[PDB]
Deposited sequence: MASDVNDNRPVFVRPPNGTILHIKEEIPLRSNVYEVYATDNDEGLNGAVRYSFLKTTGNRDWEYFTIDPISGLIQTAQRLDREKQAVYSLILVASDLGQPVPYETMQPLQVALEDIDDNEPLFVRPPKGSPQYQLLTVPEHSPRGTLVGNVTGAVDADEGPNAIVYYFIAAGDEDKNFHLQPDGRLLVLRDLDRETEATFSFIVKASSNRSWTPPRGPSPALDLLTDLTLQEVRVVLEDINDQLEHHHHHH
């Protein structure tokens, strides 16, 4: 007679497992262990995921029915999905029906630095540069505006974004702070030169410097255009 139900020993109920994202196929994740103190088959334990809920996170993993080893079955990308919900099942092999026990388990992916700062180009047809405007004859240091649009898909210190002029301001009309603040250096006159164009690099490298620059293919770059607003002078 099948007296005992299997009892999970590991993991503990409600534990959130933390693994690195982007670990290769069939990487080892966890050793599940449940015990059953019954005689022979009534006390043999077999491991599975529950696959009958609407939650299909089980597709990312396998569990060995005998050893309880969970391995990865697919790419684990934290930027695609950060948390994965599994329901562990431990079954004995009882007479016409086994007793089974279930234990929810969450797996959370720790971020790695596998993305760089990238712009997204305005839709085809509309101008491909970020536009900034300043009054002509603005004094030295005047905020022209904030260059922006570059995002790093990583987390915290893996997602630092800095902006740098890559090319196009040989006259030193502007200074670009690494935070994206674009400032006036020189006296700018609408009635002489009313428009400026140059290229900015977004980088996580605080000490990036210019080294051939293709704005169609390289989304770490964008064009910035500055126009001077009219003063009555």
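According to the record, no C-alpha positions are given for deposited positions 1-4, 216-220, 243-251, numbered from 1.
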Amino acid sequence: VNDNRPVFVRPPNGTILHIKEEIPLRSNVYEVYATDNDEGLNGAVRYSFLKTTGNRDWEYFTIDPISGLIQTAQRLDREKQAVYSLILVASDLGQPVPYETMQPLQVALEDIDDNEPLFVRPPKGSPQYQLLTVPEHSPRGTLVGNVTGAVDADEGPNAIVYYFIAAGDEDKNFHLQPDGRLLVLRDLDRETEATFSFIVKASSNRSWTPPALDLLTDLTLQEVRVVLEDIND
From here on, numbers count along this sequence of modelled residues.
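Between 66-74 and 168-176, it is 168-176 that carries the larger average Cα temperature factor according to the deposited entry. Higher mean CA B-factor, judged across 109-117 and 92-100 from the recorded values: 92-100. Per the deposited record, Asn37 carries the highest C-alpha B-factor of all listed residues (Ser48, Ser203, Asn37, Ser27). In this PDB entry, the Cα temperature factor of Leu182 sits in the bottom third of its chain's modelled residues, the lowest group. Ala194: CA B factor in the middle third of modelled residues in this chain (values from the PDB entry).
Ranked by Cα temperature factor within the chain, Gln128 sits in the highest third according to the deposited record.
Annotation for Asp214: CA B-factor lies in the highest third of the chain's modelled residues.
Placement of the Cα temperature factor of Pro139 within the chain: middle third of the modelled residues, per the deposited record.
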